[PDB]
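Heads up: the sequence lines are chains l and J, in that order. Quick note: the first sequence uses the entry's author numbering, first residue 253, plus one each step. Quick note: the second sequence uses the entry's author numbering, first residue 573, plus one each step. Note that beta-carbon positions come from the ideal geometry of N, C-alpha and C, so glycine has one too.
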Amino acid sequence: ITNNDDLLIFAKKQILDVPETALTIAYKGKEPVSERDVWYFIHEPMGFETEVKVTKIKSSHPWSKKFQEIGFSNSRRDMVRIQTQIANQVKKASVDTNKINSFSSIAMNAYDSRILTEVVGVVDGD
Amino acid sequence: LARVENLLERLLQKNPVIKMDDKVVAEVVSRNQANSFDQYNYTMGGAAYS
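Okay, structure coming up:
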């Protein structure tokens, strides 16, 4: 990009200026929770009175008697996510190097033909 | 009943420490983490180690 407004919006998109929070709730009610519904969260000891949008669900079978785990505002850190990020970055770097190898080779390929043209012009000049 | 008490005392002697192995725990943890990594890679197409 060349103008300044696009770079301004890009820079604004490039940073994160609020604490990164992730909320996890263990729910054991009768009402089922879907993947789209937005609930109202009230929790006085933790100072919560807001609307929460579901982003992660770990449900059990209806006969399993177990609790449900519901997430909001992205997920906890975890290592396997970091390993996946590192692996995909490695793949991107590898394919970039593979492309740049051919780019350098064709830079050598586009070299010799133009050198031949220069030699032809040199002979013409004499 | 005295020998019952003696045997109960001797049986109370036993150390309440149960040595649990760490190598097998680490290997199982690694296998489960590998399962999670494979799941995440599959959900991301193939943009990972494999």
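Just confirm the distance between the C-beta atoms of residue i and residue j, as a whole number of angstroms; I'd bet it's less than 8 Å.
| i | j | result |
| --- | --- | --- |
| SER327 (chain l) | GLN320 (chain l) | Their Cβ separation, rounded to whole angstroms, is 16 Å, which puts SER327 (chain l) and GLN320 (chain l) out of contact at 8 Å. |
| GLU287 (chain l) | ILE309 (chain l) | 6 Å |
| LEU275 (chain l) | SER325 (chain l) | 6 Å |
For residue i, does the three-state DSSP call read helix, strand or coil?
| i | result |
| --- | --- |
| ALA278 (chain l) | strand |
| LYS586 (chain J) | coil |
| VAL375 (chain l) | helix |
| residue 198 (chain l) | What is shown of chain l runs 253 to 378, which leaves residue 198 (chain l) out entirely. |
| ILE253 (chain l) | coil |
| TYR363 (chain l) | helix |
| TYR612 (chain J) | helix |
Anything in chain J within Cβ reach of residue i, meaning under 9 Å, just list it in chain order.
| i | result |
| --- | --- |
| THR336 (chain l) | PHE609, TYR612, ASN613, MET616, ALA619, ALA620, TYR621 |
| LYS343 (chain l) | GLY618, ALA619, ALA620, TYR621 |
| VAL285 (chain l) | Simply none; closest approach about 21 Å. |
Among residues of its own chain, excluding the 5 on either side of residue i, which ones have a beta-carbon nearer than 8 Å to its beta-carbon?
| i | result |
| --- | --- |
| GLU303 (chain l) | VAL290, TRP291, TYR292, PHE293 |
Strictly below 8 Å CB to CB, what residues from chain J border residue i?
| i | result |
| --- | --- |
| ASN340 (chain l) | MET616, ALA619, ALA620 |
Which residue's Cα is closest to the Cα of residue i: the options?
| i | options | result |
| --- | --- | --- |
| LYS280 (chain l) | l:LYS318, l:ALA345, l:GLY299, l:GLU301 | l:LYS318 |
| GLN605 (chain J) | l:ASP330, l:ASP376, l:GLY377 | l:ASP330 |
Please list, in chain order, the chain J residues whose beta carbon lies closer than 7 Å to that of residue i.
| i | result |
| --- | --- |
| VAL332 (chain l) | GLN605, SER608, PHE609, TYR612 |
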